[PDB]
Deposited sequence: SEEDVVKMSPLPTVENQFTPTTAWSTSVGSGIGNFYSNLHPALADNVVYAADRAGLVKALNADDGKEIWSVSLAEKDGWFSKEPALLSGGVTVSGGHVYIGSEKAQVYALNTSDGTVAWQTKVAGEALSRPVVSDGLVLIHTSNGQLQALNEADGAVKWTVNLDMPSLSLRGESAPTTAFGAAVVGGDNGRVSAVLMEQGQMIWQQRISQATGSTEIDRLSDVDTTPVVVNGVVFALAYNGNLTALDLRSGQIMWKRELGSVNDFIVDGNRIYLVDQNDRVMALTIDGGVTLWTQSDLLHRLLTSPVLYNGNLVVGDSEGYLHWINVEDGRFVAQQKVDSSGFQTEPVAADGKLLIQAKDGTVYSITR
């Protein structure tokens, strides 16, 4: 109901915007999981309409760009509805769309290496492993495409993102029905399935996270479960409260629930170390670790920096008026985030 006010923070440091660069019209008022990718000092980002850009990671200046708008149809130009991604790997930029297409672009010049029709809407980021691009579709399919030519090697029938995760030769996918699946990457052979379950604030990221032989996954209802990677056997479940996003680091789980409470939990999920509720109903992005702090954005376009030991705020900063939604990205010493209007920011502690 009530969005919390902007907390009063005594900054312990003063984070600023290193640069910003627009990317078309971004995602607008639509829900999306589209976010930036970073590789070898180049930022790759897109908008829903079909514009993809490659940018210098130091100053945000465009290196290349391409419009994936479908100009083959009744109207001379139709939106691509880019939705899942961006993912970069092995000289390719991969992006999925609500129109059941997956694009592979060359990192060198933005040109289309290949485009493949997939079995359903691709709303989740491509995940690349073992020479295959894994695509979890919105209608319960997992397809593996060859990185080289985008051919569908195998298909396995099984709001919110649900990308696959990979570990030791297997893919693990969460999903709508409340089942988590493990599938061998070679030929998509099913190894095991496990049921982990069985409304307006519900935006659950059901992407599994695999850490040292444990699969941590959220159910469609927001319950967090831990399963043994190899067997799918359930190790523990927190039927407490409803979680939207989480990350794992060391012996800790950091999460943001449907009310926008931020928490730290022990890795066995048996204990809440702390809860920070000062951002209640501010509609937070998923969290990320940067410079040792937990960072989240909100729908009003502020970034909040949180101490992982006690949950207190250490810094705050206004960034973009269109507001944040998709995930911040922390990689190669950089912090990147894309606002709803499409504008991509680099943030410096």
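Mapping the modelled residues onto the deposited sequence reveals missing stretches at 1 to 5, 164 to 170, 211 to 217.
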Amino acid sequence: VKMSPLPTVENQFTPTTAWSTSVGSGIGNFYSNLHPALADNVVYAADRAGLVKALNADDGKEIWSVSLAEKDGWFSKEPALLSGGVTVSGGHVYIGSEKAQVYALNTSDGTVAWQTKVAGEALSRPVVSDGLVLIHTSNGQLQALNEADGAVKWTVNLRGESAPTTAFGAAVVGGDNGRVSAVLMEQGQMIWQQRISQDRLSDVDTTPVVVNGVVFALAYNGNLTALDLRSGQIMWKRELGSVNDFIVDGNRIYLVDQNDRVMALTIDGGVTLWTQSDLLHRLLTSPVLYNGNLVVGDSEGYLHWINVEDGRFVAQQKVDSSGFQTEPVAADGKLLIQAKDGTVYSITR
From here on, numbers count along this sequence of modelled residues.
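Stretches 320 to 328 and 48 to 56 differ in mean CA B factor, with 320 to 328 having the higher one.
Set 169 to 177 against 115 to 123 and average the Cα temperature factors; 169 to 177 ends up higher.
Out of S202, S89, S97, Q143, the entry records its largest CA B-factor for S202. Sorting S108, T207, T272, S231 by the CA temperature factor given in the entry leaves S231 at the top. Among the modelled residues of its chain, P79 has a C-alpha B-factor that falls in the middle third according to the deposited record. In this PDB entry, the Cα temperature factor of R282 sits in the middle third of its chain's modelled residues.
In the deposited entry, the Cα temperature factor of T8 sits in the top third of values across the chain's modelled residues. In the PDB entry, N33 places in the middle third of its chain by CA B-factor. When all modelled residues of the chain are sorted by CA temperature factor, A69 is found within the highest third.
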